[PDB]
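Residue numbers (PDB author numbering), protein chains in the order written: chain R, 1 to 118; chain 0, 236 to 534; chain 5, 1 to 48; chain P, 2 to 135; chain J, 2 to 178; chain Y, 20 to 93; chain 3, 1 to 80.
By construction, the Cβ of each residue, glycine as well, lies at the ideal position given by its N, Cα and C atoms.
What follows is one structure encoded as structure tokens, with my remarks underneath.
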RNA sequence: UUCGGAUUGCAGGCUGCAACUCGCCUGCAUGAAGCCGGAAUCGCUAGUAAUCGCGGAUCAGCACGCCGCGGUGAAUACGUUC
RNA sequence: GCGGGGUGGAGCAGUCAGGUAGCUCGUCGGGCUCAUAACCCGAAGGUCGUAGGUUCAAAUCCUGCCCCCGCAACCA
RNA sequence: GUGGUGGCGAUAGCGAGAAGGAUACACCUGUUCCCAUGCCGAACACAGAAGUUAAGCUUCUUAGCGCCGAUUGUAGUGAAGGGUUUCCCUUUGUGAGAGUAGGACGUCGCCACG
RNA sequence: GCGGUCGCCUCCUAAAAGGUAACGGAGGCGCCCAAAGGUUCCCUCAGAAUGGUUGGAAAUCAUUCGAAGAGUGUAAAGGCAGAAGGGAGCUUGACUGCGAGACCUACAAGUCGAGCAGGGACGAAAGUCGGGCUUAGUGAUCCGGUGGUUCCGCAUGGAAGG
RNA sequence: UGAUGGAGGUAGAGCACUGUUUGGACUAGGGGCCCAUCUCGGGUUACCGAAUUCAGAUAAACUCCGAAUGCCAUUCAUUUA
Ligand SMILES: Nc1ncnc2c1ncn2[C@@H]1O[C@H](COP(=O)(O)OP(=O)(O)OP(=O)(O)O)[C@@H](O)[C@H]1O
Ligand SMILES: [K+]
Ligand SMILES: [K+]
Ligand SMILES: [K+]
Ligand SMILES: [K+]
Ligand SMILES: [K+]
Ligand SMILES: [K+]
Ligand SMILES: [K+]
Ligand SMILES: [K+]
Ligand SMILES: [K+]
Ligand SMILES: [Mg+2]
Ligand SMILES: [Mg+2]
Ligand SMILES: [Mg+2]
Ligand SMILES: [Mg+2]
Ligand SMILES: [Mg+2]
Ligand SMILES: [Mg+2]
Ligand SMILES: [Mg+2]
Ligand SMILES: [Mg+2]
Ligand SMILES: [Mg+2]
Ligand SMILES: [Mg+2]
Ligand SMILES: [Mg+2]
Ligand SMILES: [Mg+2]
Ligand SMILES: [Mg+2]
Ligand SMILES: [Zn+2]
């Protein structure tokens with residue numbers, strides 16, 4: 001008998017504390033990141049309105065696919081250009097409680113390069 | 236403090252001054268106790284005794300002014316305490332040296348076919364002059380120098396402790412406590428002995444590189460003591476030690492219940508230890524100790 | 001033993017800062033990277 | 002009766018107004034003694050009343066002392082002027098407010114119970130009345 | 002790898018059959034093994050703990066974590082944080098390898114070995130074995146030990162019940178009394 | 020012996036709900052966060068709640084059992 | 001596993017000397033003797049007199065005689 | 001300790017009606033204290049002390065005691081203050 | 001309430017100024033003696049009133065508590 | 001329908017039971033890789049898709065607990081008065097806590113795949 | 001008169017804003033920390049049951065139960081489990097010049113402060129940082145010491161002295 | 001003065017925390033009795049009994065709760081100054 005805590009629940013515990021000082025406004029929306037064993041998802045959300053302005057994920061079919069790291073990079077590029085189309089430049093990066101090390105780091109750097117200001 | 240005269244004159248003047256200072260502090264304490272005793276008498280008197288209560292407060296004021304001008308007696312500097320005891324017992328033949336010859340590569344042979352045998356609980360003095368091989372011989376016994384010829388045999392009952400001449404057994408980079416660290420002793424045990432060697436509290440965290448030669452000598456001695464060996468190979472132990480600590484060293488060694496191989500150019504230290512046999516160098520001569528030591532020195 | 005002390009700027013020998021330290025815990029002179037208003041930049045300040 | 006321990010040595014006298022908060026009904030015994038007034042009651046009074054009740058009952062049946070003397074009251078010795086701090090704790094009391102059921106009894110026939118409660122009431126300072134369990 | 006092989010091949014289907022598991026995921030498995038060596042002698046001399054740590058590392062193949070007294074206890078002369086007691090955690094290949102070695106070599110070399118206890122279960126499907134003395138492990142060398150000592154090995158499994166735990170440990174080989 | 024006591028610290032609310040205040044006005048003195056800083060409200064070094072901007076003061080409940088002060092500019 | 005902090009670990013084969021039964025497992029100790037092993041791999045070999053198969057308990061039969069009773073001893077001694 | 005041979009386990013031998021209380025002896029096994037002994041105290045002046053055995057009385061059996069025998073074989077005595 | 005004290009059987013040190021439990025008498029055993037005393041030789045007897053803190057470490061420093069002793073507890 | 005992500009006092013919870021994985025999410029396979037454990041690829045990190053709904057997770061049942069909680073009455077109490085005035089009473093306004101009727105196994109949005 | 005007290009912090013008295021006395025009831029302070037500060041990241045307690053060498057009520061280990069019953073340097077109150085508790089890496093913002101506006105207030109003082117600039121620490125960034133969970137840990141002026149200073153310098157230049 | 005919105009923990013009440021506390025159920029555990037003593041295991045007082053639980057109280061320095069009033073404020077209303 002031994003229990004393994006739900007990794008998503010542990011992530012959310014950290015994510016609450018992250019969100020205590022990161023929040024989204026119309027002119028500086030929140031870039032929320034979700035990471036699964038298979039895929040990674042990015043959303044641009046305006047918490048004041050509680051609406052996602054733009055979104056991207058490894059299921060868009062506009063991403064050729066590849067190693068999960070480079071799939072994250074493609075998601076970051078896609079979301080950055082979609083946000084640019086909607087006129088979003090500055091964002092605040094919500095790492096969703098993950099560690100800013102791997103897939104999330106690749107996605108964030110992709111967004112920076114493709115023109116999101118953060 | 237600067238005195239005119241010689242060492243004895245300084246001791247005479249100094250001893251008198253501390254005596255006259257001590258008597259002053261005694262009389263100031265008596266007057267304070269006298270007032271204190273009266274203050275207490277008033278304090279415990281009936282509240283109805285107005286005059287005594289009044290006088291008690293008046294004397295309480297004098298008592299306070301006395302206690303504020305009362306000279307503190309300087310804490311007398313504590314002397315070293317050594318209790319060297321062997322863990323095991325000496326044998327009748329602690330050390331066997333037979334036909335041992337040694338020469339430093341490129342230099343004349345110091346001794347040829349040197350053969351001696353110690354008896355146990357014996358005070359063995361390695362006499363000689365400067366640069367004659369005294370320290371070389373002791374290094375030979377420990378194993379630092381391998382004999383060119385001969386053999387050196389230690390009985391299995393013999394534990395050896397070595398005090399080198401030049402204080403080469405300390406890590407200057409480490410602290411006092413780190414130097415004395417041993418697998419056989421716990422922390423508080425180390426501190427208690429270091430306090431016996433006048434290293435108090437955070438004085439043990441000091442780097443060995445900042446200590447004086449005399450303070451370092453105490454650390455080396457402390458290492459020797461902590462071994463609890465039954466054979467003591469000491470190379471000029473009293474060197475760097477203040478005159479008070481030297482007498483303590485000699486007196487405690489005299490009572491040491493083990494074999495002592497010692498080298499010392501200090502006549503007082505050897506007398507306290509009470510040498511039994513002296514080995515003269517370079518002319519190997521195992522001899523009974525006596526004032527004939529002067530004859531060898533003269534010759 | 002905790003005592004008040006002064007941090008002097010090494011570059012200009014200016015006694016810019018006052019602080020305190022425990023002598024026993026920090027026997028050696030305290031050294032900090034502090035802003036020197038006279039030189040208007042961060043410099044090494046050592047206790048004196 | 003004395004509390005084993007007290008958080009504070011000295012305590013306010015307090016005020017007694019209105020009915021008792023709780024304990025106005027008989028809980029364990031068949032019969033109970035209800036206070037019709039409000040008054041302090043000392044451990045001595047409680048003990049005297051209890052002894053009287055038990056003696057009459059002949060160790061037959063059970064006796065509950067609903068009240069307990071939590072509060073402590075201090076006093077000043079004769080010849081001591083006002084001031085210089087509160088007095089030392091002298092005794093223990095229970096502030097009893099009308100409607101409280103001070104004592105309960107069971108295991109005894111009705112007439113014995115009434116007489117036993119009558120003796121206890123005479124020992125106490127408050128006016129009382131007998132109450133039957135419902 | 003032998004013990005893992007034995008587990009997956011024989012033990013897993015056998016437990017499935019006996020305990021009528023709907024999916025193989027329900028199969029209990031040895032989750033981890035924690036070997037704990039409680040050294041109160043460190044207070045008298047830290048080198049006892051040091052040598053105990055060295056022996057434990059040789060036994061386990063992993064450097065042990067030197068656990069510390071979370072609370073100061075005057076009864077044992079224990080000050081809080083005192084490094085008393087060590088532990089090592091083994092998972093996967095190292096876990097299986099050590100367990101197999103225990104079953105085959107370390108266990109027989111115990112003096113008058115009458116088997117292992119059959120009641121030392123927490124009640125959740127996790128077992129513990131109390132080794133009274135070292136020198137049973139081949140890596141101790143029977144001479145390096147200056148002071149003999151013991152240890153407690155905690156086998157934590159995914160089993161819910163001591164019954165499933167007992168069967169699994171027996172299948173992997175456990176000389177129960 | 021008793022007879023000692025520290026000076027009262029005049030804690031509590033310094034601005035009423037629905038009152039217009041200027042930036043930096045102290046809204047609430049406290050030990051610890053008895054009430055929390057809401058919108059446009061900062062918490063000082065010693066738990067004092069002050070307005071960051073001009074506006075009307077509003078005390079609300081932060082969830083189930085916690086309070087909050089906000090300053091809303093008009 | 002952190003590097004350079006763990007005692008050296010090496011795979012090693014084990015043969016029960018009494019019976020020859022073989023099992024491959026890792027250990028810290030190394031044996032100068034080495035033997036081959038299926039998969040065409042050589043490992044240091046640690047010979048052990050007693051193993052699980054060798055140990056009587058696993059087999060289910062016990063070597064020990066369990067001693068003799070005193071009644072039987074008396075009869076044997078006195079021919080009774 | 002290849003010193004020491006106590007205690008202990010097992011197995012035997014005798015004597016005797018009988019060896020537990022409670023005999024002596026044997027073999028195997030075990031291997032105790034003991035590293036020359038504080039204050040103090042004892043015997044002995046030559047075939048003596050020291051040391052080595054042998055016999056005998058009592059006696060079914062049972063002595064480290066007693067009686068006796070021989071083997072080897074010293075040191076010291078200035079002196080009578082205590 | 002003001003002080004003084006709790007260390008081997010007794011009287012005392014040590015405590016200020018942390019490292020190591022002592023001195024005097026006594027008790028026990030053995031000597032010497034015809035015997036006793038004295039005397040001589042060995043041995044025992046306390047973890048420092050107690051409980052907590054401080055410290056690497058407490059008889060020693062801090063807090064409390066319990067005992068014992070002297071004093072006071074009301075004045076024109 | 002599921003997965004992300006928020007608002008609203010747990011009426012959103014907890015406990016118990018049942019169903020599902022098409023996708024999705026997860027467990028799950030591994031440690032060569034960035035990266036890591038005061039030991040452990042358990043975790044974090046990364047690579048990857050053999051198996052499984054077993055758990056988590058989702059949906060559903062349940063009022064056991066927790067939660068919300070009307071009305072009535074009462075305690076207290078502002079104001080105005082009285083009495084035999086440490087307390088008690090009357091008029092007027094206000095009105096709990098407790099105990100209950102009951103409520104409730106959530107609701108309001110946005111995104112992405114269906 | 002004797003005893004007690006005198007400044008500061010926390011609680012109750014204090015009558016649900018604030019304030020509020022008594023020789024009223026309780027306690028604390030005259031510091032400590034070079035991390036016990038800043039920041040980024042990470043973590044969640046105390047106890048109980050069961051099992052387990054030394055090991056015992058109670059040392060270390062494992063599972064489960066456990067919403068705080070722990071901890072928060074130091075009294076109490078308030079507060080904190082989105083941590084303010086705990087751990088690690090890097091650091092010195094325990095910064096310089098200030099400071100709209102507030103609280104408190106007889107005065108002198110005391111408290112809080114967004115924000116501006118200079119130059120930085122941490123962090124990918126957001127952003128946080130002008131000591132510590134908050135509230136005690138302190139003393140006017142005169143006089144004197146040390147350091148700096150583009151200030152003055154009794155005819156002028158210095159100096160002495162400010 | 002009214003309307004509206006707020007801050008606060010008093011009266012009252014309550015036991016959710018902390019103290020104080022009563023009775024019942026059960027009981028770890030502790031007590032002396034004998035057997036067995038290597039003091040090892042009982043079996044006992046309706047022996048004493050922690051914790052738990054049921055029921056019942058109590059509080060200036062207790063609170064899961066919580067008034068009336070008073071207080072702060074409103075570009076508010078009426079009257080007034
Ligand atoms: N490492 C060495 N290499 C070469 N020669 C040496 C060495 N050590 C010593 N010697 C020589 O050995 C001779 C004697 O050696 P040693 O060091 O024992 O002198 P000593 O007896 O200690 O004299 P002292 O201690 O009074 O100065 C010296 O002359 C010295 O020059
Ligand atoms: K009456
Ligand atoms: K016999
Ligand atoms: K005979
Ligand atoms: K994995
Ligand atoms: K599932
Ligand atoms: K529900
Ligand atoms: K830090
Ligand atoms: K309660
Ligand atoms: K109250
Ligand atoms: Mg020399
Ligand atoms: Mg106050
Ligand atoms: Mg502060
Ligand atoms: Mg010998
Ligand atoms: Mg004669
Ligand atoms: Mg003869
Ligand atoms: Mg209600
Ligand atoms: Mg108030
Ligand atoms: Mg009021
Ligand atoms: Mg802190
Ligand atoms: Mg001039
Ligand atoms: Mg002039
Ligand atoms: Mg009340
Ligand atoms: Zn400078």
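Query                                                                                                                                                               : Result
Just confirm the distance between the C-beta atoms of residue 86 (chain J) and residue 37 (chain J), as a whole number of angstroms; I'd bet it's less than 8 Å.    : 7 Å
Please name the residue, chosen from 135 (chain J), 126 (chain J), 174 (chain J), that lies closest to residue 116 (chain J) on a Cα-to-Cα basis.                   : 174 (chain J)
What does the alpha-carbon distance come out to for the pair residue 22 (chain Y) and residue 85 (chain P)?                                                         : 11 Å
May I ask which residues mark the beginning and end of the alpha helix (DSSP H) holding residue 13 (chain J)?                                                       : 13 to 20
At a cut-off of 7 Å, is residue 314 (chain 0) close to ligand 24 when judged by its beta-carbon and the heavy atoms of the ligand?                                  : no
Per DSSP, which residues does residue 94 (chain P) bridge with? Please list them.                                                                                   : 43 (chain P), 72 (chain P)
Pick out whichever of 22 (chain R), 53 (chain R), 65 (chain R), 49 (chain R) has its Cα sitting closest to the Cα of residue 38 (chain R).                          : 65 (chain R)
Examine the Cβ distances between the segment 13 to 26 of chain 3 and the segment 39 to 53 of chain 3 and report whether three or more of them are shorter than 8 Å. : yes
Go ahead and pull the three-state DSSP assignment for residue 60 (chain J).                                                                                         : helix
So the alpha helix (DSSP H) residue 30 (chain Y) belongs to, where does it begin and stop?                                                                          : First-last for residue 30 (chain Y): undefined, no H or E at that position.
Could you check where the beta strand (DSSP E) with residue 8 (chain R) kicks off and where it finishes?                                                            : Careful: residue 8 (chain R) lies outside any beta strand (DSSP E), inside the alpha helix (DSSP H) at 7 to 19.
Can you tell me the Cα-Cα spacing of residue 78 (chain Y) and residue 61 (chain Y), whole angstroms?                                                                : 14 Å
Does the distance from the C-beta atom of residue 67 (chain P) to that of residue 17 (chain P) stay below 8 Å?                                                      : no
Check this for me: beta carbons of residue 84 (chain J) and residue 72 (chain J), under 8 Å apart or not?                                                           : no
Between the alpha carbons of residue 1 (chain P) and residue 132 (chain P), how many angstroms are there, rounded?                                                  : As displayed, chain P neither begins before 2 nor continues past 135, which places residue 1 (chain P) out of reach and without an answer.
Pull up the CB-CB distance for residue 25 (chain 3) and residue 3 (chain J), whole angstroms please, since I reckon it's below 8 Å.                                 : 6 Å
Give the range of the beta strand (DSSP E) segment to which residue 496 (chain 0) is assigned.                                                                      : 494 to 498
Under a CB-based cut-off of 8 Å, is residue 318 (chain 0) close to chain J?                                                                                         : no
Can you pull the DSSP bridge partners for residue 128 (chain J)?                                                                                                    : 122 (chain J), 156 (chain J)
How many angstroms separate the CA atom of residue 42 (chain 3) from the CA atom of residue 33 (chain 3)?                                                           : 10 Å
Contact check, residue 445 (chain 0) vs residue 414 (chain 0) under 8 Å by CB: the rounded distance?                                                                : The pair is not a contact, with the Cβ atoms about 13 Å apart (cut-off 8 Å).
Given that residue 63 (chain R) touches chain J, what residues does it touch there, using C-beta distances under 7 Å?                                               : Those within 7 Å of residue 63 (chain R) in chain J number zero; the least Cβ separation is about 32 Å.
Just the C-alpha distance for residue 4 (chain R) and residue 29 (chain J), rounded to the nearest angstrom, thanks.                                                : 14 Å
Between the beta-carbon of residue 385 (chain 0) and the beta-carbon of residue 335 (chain 0), is there less than 8 Å?                                              : yes
For residue 384 (chain 0), name the three-state secondary structure that DSSP assigns.                                                                              : strand
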